[PDB]
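*Asks:* Hey, dropping final-v6.tsv in here, TSV, N, CA and C atoms:
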```tsv
chain	number	residue	atom	x	y	z
A	2	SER	N	105.42	119.87	101.48
A	2	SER	CA	104.76	118.59	101.85
A	2	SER	C	103.82	118.78	103.03
A	3	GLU	N	102.91	117.83	103.22
A	3	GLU	CA	101.95	117.89	104.31
A	3	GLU	C	101.76	116.52	104.95
A	4	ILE	N	101.00	116.48	106.04
A	4	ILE	CA	100.75	115.23	106.75
A	4	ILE	C	99.31	114.77	106.58
A	5	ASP	N	99.13	113.59	105.99
A	5	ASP	CA	97.80	113.05	105.78
A	5	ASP	C	97.25	112.46	107.08
A	6	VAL	N	96.31	113.18	107.69
A	6	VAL	CA	95.71	112.73	108.95
A	6	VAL	C	94.24	112.37	108.76
A	7	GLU	N	93.88	111.16	109.17
A	7	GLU	CA	92.50	110.70	109.05
A	7	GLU	C	92.01	110.10	110.36
A	8	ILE	N	91.05	110.78	110.99
A	8	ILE	CA	90.49	110.31	112.24
A	8	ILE	C	89.30	109.39	111.99
A	9	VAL	N	89.51	108.09	112.18
A	9	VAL	CA	88.47	107.11	111.96
A	9	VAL	C	88.04	106.44	113.26
A	10	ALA	N	86.74	106.17	113.38
A	10	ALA	CA	86.21	105.53	114.57
A	10	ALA	C	85.65	104.15	114.24
A	11	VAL	N	85.64	103.27	115.23
A	11	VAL	CA	85.14	101.91	115.04
A	11	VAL	C	83.72	101.91	114.48
A	12	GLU	N	82.99	103.00	114.71
A	12	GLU	CA	81.62	103.11	114.23
A	12	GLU	C	81.52	103.96	112.97
A	13	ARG	N	82.40	104.95	112.85
A	13	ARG	CA	82.38	105.84	111.69
A	13	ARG	C	83.61	106.74	111.65
A	14	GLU	N	83.83	107.37	110.49
A	14	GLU	CA	84.96	108.28	110.32
A	14	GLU	C	84.56	109.69	110.73
A	15	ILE	N	85.51	110.43	111.29
A	15	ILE	CA	85.25	111.80	111.73
A	15	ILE	C	85.88	112.83	110.81
A	16	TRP	N	87.19	112.74	110.62
A	16	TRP	CA	87.90	113.70	109.77
A	16	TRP	C	88.96	113.01	108.91
A	17	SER	N	89.39	113.70	107.86
A	17	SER	CA	90.40	113.17	106.95
A	17	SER	C	90.93	114.26	106.03
A	18	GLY	N	92.23	114.55	106.14
A	18	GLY	CA	92.83	115.58	105.31
A	18	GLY	C	94.33	115.70	105.53
A	19	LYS	N	94.89	116.83	105.11
A	19	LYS	CA	96.33	117.07	105.27
A	19	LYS	C	96.59	118.13	106.34
A	20	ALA	N	97.77	118.07	106.96
A	20	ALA	CA	98.13	119.02	108.00
A	20	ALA	C	99.58	119.46	107.87
A	21	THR	N	99.96	120.46	108.66
A	21	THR	CA	101.33	120.97	108.65
A	21	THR	C	102.13	120.37	109.80
A	22	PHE	N	101.45	120.12	110.91
A	22	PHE	CA	102.07	119.54	112.09
A	22	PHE	C	101.02	118.89	112.98
A	23	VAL	N	101.35	117.73	113.55
A	23	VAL	CA	100.42	117.02	114.41
A	23	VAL	C	101.12	116.44	115.63
A	24	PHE	N	100.43	116.48	116.77
A	24	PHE	CA	100.97	115.95	118.02
A	24	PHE	C	99.98	114.99	118.67
A	25	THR	N	100.50	113.91	119.24
A	25	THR	CA	99.66	112.92	119.90
A	25	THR	C	100.30	112.42	121.19
A	26	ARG	N	99.52	111.72	122.00
A	26	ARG	CA	100.01	111.19	123.27
A	26	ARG	C	99.78	109.68	123.35
A	27	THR	N	100.85	108.95	123.63
A	27	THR	CA	100.77	107.50	123.74
A	27	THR	C	101.34	107.02	125.08
A	28	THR	N	101.39	105.70	125.26
A	28	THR	CA	101.91	105.12	126.49
A	28	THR	C	103.33	105.59	126.76
A	29	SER	N	104.03	106.01	125.71
A	29	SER	CA	105.40	106.49	125.85
A	29	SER	C	105.45	108.01	125.94
A	30	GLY	N	104.35	108.62	126.39
A	30	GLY	CA	104.30	110.06	126.51
A	30	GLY	C	103.82	110.73	125.24
A	31	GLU	N	104.03	112.04	125.15
A	31	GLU	CA	103.62	112.81	123.98
A	31	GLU	C	104.71	112.79	122.91
A	32	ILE	N	104.30	112.94	121.65
A	32	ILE	CA	105.24	112.94	120.54
A	32	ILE	C	104.72	113.78	119.38
A	33	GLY	N	105.63	114.43	118.67
A	33	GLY	CA	105.25	115.26	117.54
A	33	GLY	C	105.60	114.63	116.21
A	34	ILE	N	104.74	114.82	115.21
A	34	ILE	CA	104.97	114.26	113.89
A	34	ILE	C	105.02	115.35	112.83
A	35	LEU	N	105.98	115.24	111.91
A	35	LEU	CA	106.14	116.21	110.84
A	35	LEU	C	105.98	115.55	109.48
A	36	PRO	N	105.66	116.33	108.43
A	36	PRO	CA	105.48	115.81	107.08
A	36	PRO	C	106.81	115.53	106.38
A	37	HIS	N	107.63	114.70	107.00
A	37	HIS	CA	108.94	114.35	106.44
A	37	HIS	C	109.69	113.40	107.37
A	38	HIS	N	108.96	112.46	107.97
A	38	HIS	CA	109.56	111.49	108.88
A	38	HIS	C	109.30	110.06	108.41
A	39	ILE	N	109.75	109.09	109.20
A	39	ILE	CA	109.57	107.69	108.87
A	39	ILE	C	108.33	107.12	109.55
A	40	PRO	N	107.80	105.99	109.04
A	40	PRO	CA	106.61	105.35	109.61
A	40	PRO	C	106.74	105.13	111.11
A	41	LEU	N	105.62	104.78	111.75
A	41	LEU	CA	105.61	104.55	113.19
A	41	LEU	C	104.25	104.02	113.65
A	42	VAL	N	104.26	103.24	114.72
A	42	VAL	CA	103.03	102.67	115.26
A	42	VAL	C	103.03	102.74	116.79
A	43	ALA	N	102.15	103.58	117.34
A	43	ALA	CA	102.05	103.74	118.78
A	43	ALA	C	100.60	103.71	119.24
A	44	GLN	N	100.39	103.34	120.50
A	44	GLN	CA	99.05	103.27	121.07
A	44	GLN	C	98.77	104.49	121.94
A	45	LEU	N	97.72	105.24	121.59
A	45	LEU	CA	97.35	106.43	122.34
A	45	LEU	C	96.79	106.06	123.71
A	46	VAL	N	96.88	106.99	124.65
A	46	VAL	CA	96.39	106.76	126.00
A	46	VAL	C	94.87	106.89	126.05
A	47	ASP	N	94.30	106.69	127.24
A	47	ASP	CA	92.85	106.78	127.42
A	47	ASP	C	92.36	108.21	127.22
A	48	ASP	N	93.07	109.16	127.80
A	48	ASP	CA	92.71	110.57	127.69
A	48	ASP	C	93.63	111.29	126.71
A	49	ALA	N	94.02	110.59	125.65
A	49	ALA	CA	94.90	111.16	124.64
A	49	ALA	C	94.21	112.27	123.85
A	50	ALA	N	94.98	113.27	123.44
A	50	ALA	CA	94.44	114.39	122.68
A	50	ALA	C	95.32	114.69	121.47
A	51	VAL	N	94.72	114.67	120.28
A	51	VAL	CA	95.46	114.94	119.06
A	51	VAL	C	95.26	116.38	118.59
A	52	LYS	N	96.35	117.03	118.20
A	52	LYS	CA	96.30	118.40	117.72
A	52	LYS	C	96.78	118.49	116.28
A	53	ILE	N	95.84	118.67	115.36
A	53	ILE	CA	96.17	118.76	113.94
A	53	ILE	C	96.26	120.22	113.49
A	54	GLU	N	97.48	120.66	113.20
A	54	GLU	CA	97.71	122.03	112.75
A	54	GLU	C	97.46	122.16	111.25
A	55	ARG	N	96.95	123.31	110.83
A	55	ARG	CA	96.66	123.56	109.42
A	55	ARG	C	97.44	124.76	108.91
A	56	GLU	N	98.13	124.57	107.79
A	56	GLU	CA	98.92	125.65	107.20
A	56	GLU	C	98.02	126.80	106.77
A	57	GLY	N	98.08	127.89	107.52
A	57	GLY	CA	97.26	129.05	107.21
A	57	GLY	C	95.93	129.04	107.93
A	58	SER	N	95.54	127.87	108.44
A	58	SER	CA	94.28	127.74	109.16
A	58	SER	C	94.52	127.33	110.61
A	59	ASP	N	93.53	127.59	111.46
A	59	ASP	CA	93.63	127.26	112.88
A	59	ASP	C	93.65	125.75	113.08
A	60	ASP	N	94.48	125.29	114.01
A	60	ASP	CA	94.59	123.86	114.30
A	60	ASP	C	93.25	123.29	114.75
A	61	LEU	N	93.15	121.97	114.76
A	61	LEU	CA	91.92	121.30	115.17
A	61	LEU	C	92.15	120.46	116.42
A	62	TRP	N	91.54	120.87	117.52
A	62	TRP	CA	91.68	120.15	118.79
A	62	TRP	C	90.61	119.08	118.93
A	63	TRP	N	91.01	117.82	118.79
A	63	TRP	CA	90.08	116.70	118.90
A	63	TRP	C	90.53	115.72	119.98
A	64	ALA	N	89.57	115.08	120.63
A	64	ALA	CA	89.86	114.11	121.68
A	64	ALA	C	89.67	112.69	121.19
A	65	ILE	N	90.66	111.84	121.43
A	65	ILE	CA	90.60	110.44	121.01
A	65	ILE	C	90.33	109.52	122.19
A	66	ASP	N	89.50	108.51	121.96
A	66	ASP	CA	89.16	107.55	123.01
A	66	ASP	C	89.88	106.22	122.79
A	67	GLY	N	91.07	106.09	123.38
A	67	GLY	CA	91.84	104.87	123.23
A	67	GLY	C	92.11	104.53	121.78
A	68	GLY	N	92.68	105.49	121.05
A	68	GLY	CA	92.98	105.27	119.65
A	68	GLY	C	94.42	104.86	119.42
A	69	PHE	N	94.77	104.62	118.15
A	69	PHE	CA	96.12	104.22	117.79
A	69	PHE	C	96.64	105.05	116.63
A	70	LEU	N	97.90	105.48	116.72
A	70	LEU	CA	98.51	106.28	115.67
A	70	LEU	C	99.38	105.42	114.76
A	71	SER	N	99.15	105.53	113.46
A	71	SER	CA	99.90	104.77	112.48
A	71	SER	C	100.45	105.68	111.38
A	72	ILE	N	101.75	105.97	111.46
A	72	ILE	CA	102.39	106.83	110.47
A	72	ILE	C	103.09	106.00	109.40
A	73	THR	N	102.97	106.45	108.15
A	73	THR	CA	103.59	105.75	107.03
A	73	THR	C	104.51	106.69	106.25
A	74	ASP	N	104.97	106.23	105.09
A	74	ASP	CA	105.86	107.02	104.25
A	74	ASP	C	105.26	108.39	103.95
A	75	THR	N	103.96	108.42	103.69
A	75	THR	CA	103.27	109.67	103.39
A	75	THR	C	101.79	109.58	103.74
A	76	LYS	N	101.49	108.97	104.88
A	76	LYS	CA	100.11	108.82	105.33
A	76	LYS	C	100.04	108.57	106.83
A	77	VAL	N	99.05	109.18	107.48
A	77	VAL	CA	98.87	109.02	108.92
A	77	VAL	C	97.41	108.76	109.26
A	78	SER	N	97.12	107.53	109.67
A	78	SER	CA	95.76	107.15	110.03
A	78	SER	C	95.63	106.90	111.53
A	79	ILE	N	94.56	107.42	112.12
A	79	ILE	CA	94.32	107.25	113.55
A	79	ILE	C	93.00	106.53	113.80
A	80	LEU	N	93.09	105.30	114.30
A	80	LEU	CA	91.90	104.51	114.59
A	80	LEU	C	91.63	104.46	116.09
A	81	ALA	N	90.41	104.82	116.47
A	81	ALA	CA	90.03	104.82	117.88
A	81	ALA	C	88.54	104.50	118.05
A	82	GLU	N	88.11	104.38	119.30
A	82	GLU	CA	86.71	104.09	119.60
A	82	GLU	C	85.80	105.21	119.12
A	83	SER	N	86.24	106.45	119.33
A	83	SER	CA	85.47	107.61	118.91
A	83	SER	C	86.29	108.89	119.05
A	84	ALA	N	85.77	109.98	118.50
A	84	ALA	CA	86.46	111.27	118.56
A	84	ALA	C	85.50	112.38	118.98
A	85	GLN	N	86.06	113.50	119.42
A	85	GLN	CA	85.26	114.64	119.85
A	85	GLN	C	85.97	115.96	119.53
A	86	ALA	N	85.21	116.93	119.05
A	86	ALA	CA	85.77	118.24	118.71
A	86	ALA	C	85.73	119.18	119.91
A	87	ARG	N	86.75	120.02	120.03
A	87	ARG	CA	86.83	120.98	121.13
A	87	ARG	C	85.62	121.90	121.14
A	88	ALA	N	85.08	122.18	119.95
A	88	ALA	CA	83.92	123.05	119.82
A	88	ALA	C	82.64	122.33	120.25
A	89	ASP	N	82.67	121.01	120.19
A	89	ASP	CA	81.51	120.21	120.56
A	89	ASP	C	81.55	119.84	122.04
A	90	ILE	N	82.74	119.85	122.63
A	90	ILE	CA	82.91	119.52	124.03
A	90	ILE	C	82.39	120.64	124.93
A	91	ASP	N	81.90	120.26	126.11
A	91	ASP	CA	81.37	121.22	127.06
A	91	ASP	C	82.15	121.18	128.37
A	92	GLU	N	82.67	122.33	128.78
A	92	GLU	CA	83.45	122.43	130.01
A	92	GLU	C	82.77	121.70	131.17
A	93	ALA	N	81.44	121.69	131.15
A	93	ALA	CA	80.66	121.03	132.19
A	93	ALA	C	80.69	119.52	132.02
A	94	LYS	N	80.33	119.05	130.83
A	94	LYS	CA	80.32	117.62	130.54
A	94	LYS	C	81.71	117.01	130.73
A	95	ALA	N	82.73	117.77	130.35
A	95	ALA	CA	84.11	117.31	130.48
A	95	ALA	C	84.49	117.12	131.95
A	96	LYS	N	84.16	118.11	132.77
A	96	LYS	CA	84.46	118.05	134.20
A	96	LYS	C	83.74	116.88	134.85
A	97	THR	N	82.46	116.72	134.53
A	97	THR	CA	81.66	115.64	135.09
A	97	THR	C	82.17	114.28	134.61
A	98	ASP	N	82.47	114.19	133.32
A	98	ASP	CA	82.97	112.95	132.74
A	98	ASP	C	84.27	112.53	133.43
A	99	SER	N	85.11	113.52	133.73
A	99	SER	CA	86.38	113.26	134.40
A	99	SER	C	86.15	112.96	135.88
A	100	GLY	N	85.06	113.48	136.42
A	100	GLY	CA	84.74	113.26	137.82
A	100	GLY	C	84.26	111.85	138.09
A	101	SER	N	83.70	111.21	137.06
A	101	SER	CA	83.19	109.85	137.19
A	101	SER	C	84.28	108.91	137.70
A	102	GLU	N	83.87	107.82	138.34
A	102	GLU	CA	84.81	106.84	138.87
A	102	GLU	C	85.14	105.78	137.82
A	103	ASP	N	84.20	105.53	136.91
A	103	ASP	CA	84.40	104.54	135.86
A	103	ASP	C	85.65	104.86	135.04
A	104	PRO	N	86.33	103.82	134.52
A	104	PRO	CA	87.54	103.99	133.71
A	104	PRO	C	87.25	104.59	132.34
A	105	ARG	N	86.19	104.11	131.71
A	105	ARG	CA	85.80	104.61	130.39
A	105	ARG	C	85.35	106.06	130.46
A	106	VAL	N	84.44	106.35	131.39
A	106	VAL	CA	83.93	107.70	131.56
A	106	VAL	C	85.05	108.67	131.94
A	107	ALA	N	85.88	108.26	132.89
A	107	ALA	CA	86.99	109.09	133.34
A	107	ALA	C	87.95	109.39	132.19
A	108	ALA	N	88.08	108.44	131.27
A	108	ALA	CA	88.96	108.59	130.13
A	108	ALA	C	88.40	109.61	129.14
A	109	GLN	N	87.12	109.47	128.81
A	109	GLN	CA	86.47	110.38	127.88
A	109	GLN	C	86.50	111.81	128.41
A	110	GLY	N	86.10	111.98	129.66
A	110	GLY	CA	86.09	113.30	130.27
A	110	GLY	C	87.47	113.92	130.31
A	111	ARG	N	88.48	113.10	130.58
A	111	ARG	CA	89.85	113.57	130.65
A	111	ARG	C	90.36	113.95	129.26
A	112	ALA	N	90.00	113.15	128.27
A	112	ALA	CA	90.41	113.41	126.89
A	112	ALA	C	89.77	114.69	126.37
A	113	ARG	N	88.48	114.86	126.65
A	113	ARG	CA	87.75	116.04	126.22
A	113	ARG	C	88.28	117.28	126.92
A	114	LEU	N	88.60	117.14	128.21
A	114	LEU	CA	89.12	118.24	129.00
A	114	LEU	C	90.44	118.76	128.41
A	115	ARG	N	91.31	117.83	128.03
A	115	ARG	CA	92.60	118.19	127.46
A	115	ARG	C	92.41	119.02	126.20
A	116	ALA	N	91.56	118.55	125.30
A	116	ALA	CA	91.28	119.25	124.06
A	116	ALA	C	90.75	120.65	124.34
A	117	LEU	N	90.07	120.81	125.47
A	117	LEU	CA	89.51	122.09	125.86
A	117	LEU	C	90.60	123.04	126.35
A	118	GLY	N	91.67	122.47	126.91
A	118	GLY	CA	92.77	123.29	127.40
A	118	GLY	C	93.42	122.71	128.65
A	119	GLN	N	92.77	121.73	129.27
A	119	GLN	CA	93.30	121.12	130.48
A	119	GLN	C	94.58	120.35	130.18
A	120	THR	N	95.30	119.97	131.23
A	120	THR	CA	96.54	119.22	131.08
A	120	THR	C	96.66	118.14	132.15
A	121	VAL	N	96.90	116.91	131.71
A	121	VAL	CA	97.04	115.78	132.63
A	121	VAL	C	95.79	115.62	133.49
```
Would you mind writing the structure in this file as structure tokens?

*Replies:*
Amino acid sequence: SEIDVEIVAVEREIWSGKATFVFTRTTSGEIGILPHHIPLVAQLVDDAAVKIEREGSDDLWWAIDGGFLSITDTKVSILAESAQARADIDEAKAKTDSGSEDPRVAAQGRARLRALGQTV
């Protein structure tokens, strides 16, 4: 079995497919999801980072901007303001974004930084 993960944004969809293991961060801390659990609904943090693992393929590090995780019997949809790929993120832009004083900017930069390798 696998985990159906679909990263959708209020403006457009980013990714959609199956995974072997996925981890996300919400107001209740970080949590892991497997392809054999029960439904669930949690709200991701501002600088939340989702890690979608692929069976046989390298995981996908993406940054979510205030998104929400919704797990079902055999489906997992993630709705957020927007998403960003670790390969598209820039160590410079991430640092600056996190350096900003604004809440939105600080969130994006923090989320992108995490996907890059940063923590908290």

*Asks:* Within 8 Å of residue A:57, counting all atoms listed in the file, which residues qualify if same-chain residues fewer than 3 places away don't, as a list in words?

*Replies:*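 Here the answer would be residues 21, 54 and 60 of chain A.
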
*Asks:* Between A:2, A:65, A:90, A:24, which has the minimum distance to residue A:112 (counting all atoms listed in the file)?

*Replies:*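 When distances to residue A:112 are compared using all atoms listed in the file, the smallest one comes from A:65.
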
*Asks:* Using only N, CA and C atoms, which residue out of A:97, A:4, A:88, A:121 lies closest to residue A:76?

*Replies:*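 Of A:97, A:4, A:88, A:121, the one nearest residue A:76 is A:4, counting only N, CA and C atoms.
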
*Asks:* Considering all atoms listed in the file, tabulate each residue of stretch 100-121 of chain A that lies at most 7 Å from stretch 38-51 of chain A along with its nearest interatomic pair and the corresponding distance in Å to one decimal; arrange the rows by chain and ascending residue number and present them as a tab-separated table.

*Replies:*
```
residue	atom	partner	partner_atom	distance
A:107	C	A:48	CA	6.7
A:108	CA	A:47	C	4.5
A:109	N	A:47	C	5.6
A:110	C	A:48	CA	6.7
A:111	C	A:48	CA	4.4
A:112	CA	A:48	CA	3.7
A:113	N	A:48	CA	6.1
A:115	C	A:50	CA	6.2
A:116	N	A:50	CA	5.7
```

*Asks:* Go ahead and compute the interatomic distance for atom N of residue A:84 and atom CA of residue A:58, in Å to one decimal.

*Replies:*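 Atom-to-atom, atom N of residue A:84 to atom CA of residue A:58, that is 21.8 Å.
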
*Asks:* Would you mind writing down, as a ChimeraX atom specification, each residue of chain A that DSSP on the backbone assigns to strand (DSSP E or B)?

*Replies:* /A:4-10,14-20,22-27,30-34,41-45,50-55,58-65,69-72,77-81,84-86

*Asks:* Distance atom N of residue A:74-atom N of residue A:12, one decimal place?

*Replies:*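 Rounded to one decimal, the two atoms are 24.2 Å apart.
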
*Asks:* Have a look at A:93, A:70, A:106, A:77 and name the one nearest to residue A:32; count only C-alpha atoms.

*Replies:* A:70

*Asks:* Just to confirm, what's the straight-line distance from atom N of residue A:89 to atom C of residue A:72 in Å (one decimal)?

*Replies:*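 It comes out at 27.5 Å.
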
*Asks:* Residues near residue A:11, anyone? I mean within 6.5 Å using all atoms listed in the file, not counting same-chain ones fewer than 5 positions away, as a list in words.

*Replies:*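 Final neighbour list, sorted by chain and number: residues 80, 81, 82 and 83 of chain A.
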
*Asks:* Take the selection from the previous step and output its residues with N, CA and C atoms, as a compact mmCIF listing (two decimals), keeping the file's coordinate frame.

*Replies:*
```txt
# COMPACT_ATOMS: atom_id res chain seq x y z
N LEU A 80 93.09 105.30 114.30
CA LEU A 80 91.90 104.51 114.59
C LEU A 80 91.63 104.46 116.09
N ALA A 81 90.41 104.82 116.47
CA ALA A 81 90.03 104.82 117.88
C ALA A 81 88.54 104.50 118.05
N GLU A 82 88.11 104.38 119.30
CA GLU A 82 86.71 104.09 119.60
C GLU A 82 85.80 105.21 119.12
N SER A 83 86.24 106.45 119.33
CA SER A 83 85.47 107.61 118.91
C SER A 83 86.29 108.89 119.05
```

*Asks:* Which centre and which edge lengths, in Å to one decimal, describe the axis-aligned box that holds all listed atoms of stretch 45-60 of chain A after 6 Å is added on each side, as AutoDock Vina command-line options?

*Replies:*
```
--center_x 95.6 --center_y 117.1 --center_z 117.3 --size_x 18.6 --size_y 35.8 --size_z 33.0
```

*Asks:* Counting all atoms listed in the file, which of A:52, A:71, A:7, A:63 gets nearest to residue A:23?

*Replies:*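 Ranked by minimum distance to residue A:23, first place goes to A:52.
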
*Asks:* Identify which of the residues A:15, A:95, A:64, A:20 lies closest to residue A:34, counting only C-alpha atoms when measuring atom-to-atom distances.

*Replies:*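 Among the listed residues, A:20 lies closest to residue A:34.
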
*Asks:* Between A:102, A:66, A:92, A:5, which has the minimum distance to residue A:35 (counting only N, CA and C atoms)?

*Replies:*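 Answer, going by the shortest atom-to-atom distance: A:5.
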
*Asks:* According to DSSP computed on the backbone, where in chain A is there helix (DSSP H, G or I)? Give the residues as number ranges by chain.

*Replies:* A: 92-100, 104-117

*Asks:* What would the file be for stretch 25-58 of chain A if you keep C-alpha atoms and write it as a PDB file, in the first residue's frame?

*Replies:*
```
ATOM      1  CA  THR A  25       4.257  17.018   8.729  1.00  0.00           C
ATOM      2  CA  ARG A  26       4.272  19.655  11.468  1.00  0.00           C
ATOM      3  CA  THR A  27       1.161  21.100  13.107  1.00  0.00           C
ATOM      4  CA  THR A  28       0.197  23.130  16.175  1.00  0.00           C
ATOM      5  CA  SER A  29       0.566  19.868  18.107  1.00  0.00           C
ATOM      6  CA  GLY A  30       4.153  19.403  16.957  1.00  0.00           C
ATOM      7  CA  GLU A  31       5.468  17.044  14.287  1.00  0.00           C
ATOM      8  CA  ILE A  32       3.730  13.805  13.305  1.00  0.00           C
ATOM      9  CA  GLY A  33       4.347  10.907  10.938  1.00  0.00           C
ATOM     10  CA  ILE A  34       1.814   9.262   8.641  1.00  0.00           C
ATOM     11  CA  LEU A  35       1.921   5.749   7.187  1.00  0.00           C
ATOM     12  CA  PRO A  36      -0.088   4.017   4.410  1.00  0.00           C
ATOM     13  CA  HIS A  37      -2.186   2.042   6.900  1.00  0.00           C
ATOM     14  CA  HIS A  38      -3.629   4.425   9.493  1.00  0.00           C
ATOM     15  CA  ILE A  39      -6.951   6.101  10.280  1.00  0.00           C
ATOM     16  CA  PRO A  40      -8.194   9.512   9.021  1.00  0.00           C
ATOM     17  CA  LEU A  41      -7.070  12.739  10.692  1.00  0.00           C
ATOM     18  CA  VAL A  42      -7.341  16.524  10.455  1.00  0.00           C
ATOM     19  CA  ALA A  43      -4.624  18.866  11.720  1.00  0.00           C
ATOM     20  CA  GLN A  44      -3.506  22.430  11.003  1.00  0.00           C
ATOM     21  CA  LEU A  45       0.096  22.909   9.878  1.00  0.00           C
ATOM     22  CA  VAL A  46       2.240  25.658  11.395  1.00  0.00           C
ATOM     23  CA  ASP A  47       3.451  28.811   9.642  1.00  0.00           C
ATOM     24  CA  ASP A  48       6.904  27.386   8.918  1.00  0.00           C
ATOM     25  CA  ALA A  49       5.665  23.813   8.519  1.00  0.00           C
ATOM     26  CA  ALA A  50       7.627  21.462   6.265  1.00  0.00           C
ATOM     27  CA  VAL A  51       6.267  18.306   4.634  1.00  0.00           C
ATOM     28  CA  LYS A  52       8.534  15.398   3.705  1.00  0.00           C
ATOM     29  CA  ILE A  53       7.099  12.971   1.151  1.00  0.00           C
ATOM     30  CA  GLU A  54       9.158   9.783   0.876  1.00  0.00           C
ATOM     31  CA  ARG A  55       9.092   7.718  -2.317  1.00  0.00           C
ATOM     32  CA  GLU A  56       9.533   3.950  -2.463  1.00  0.00           C
ATOM     33  CA  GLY A  57      12.754   3.509  -4.401  1.00  0.00           C
ATOM     34  CA  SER A  58      12.971   7.233  -5.135  1.00  0.00           C
TER      35      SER A  58
END
```
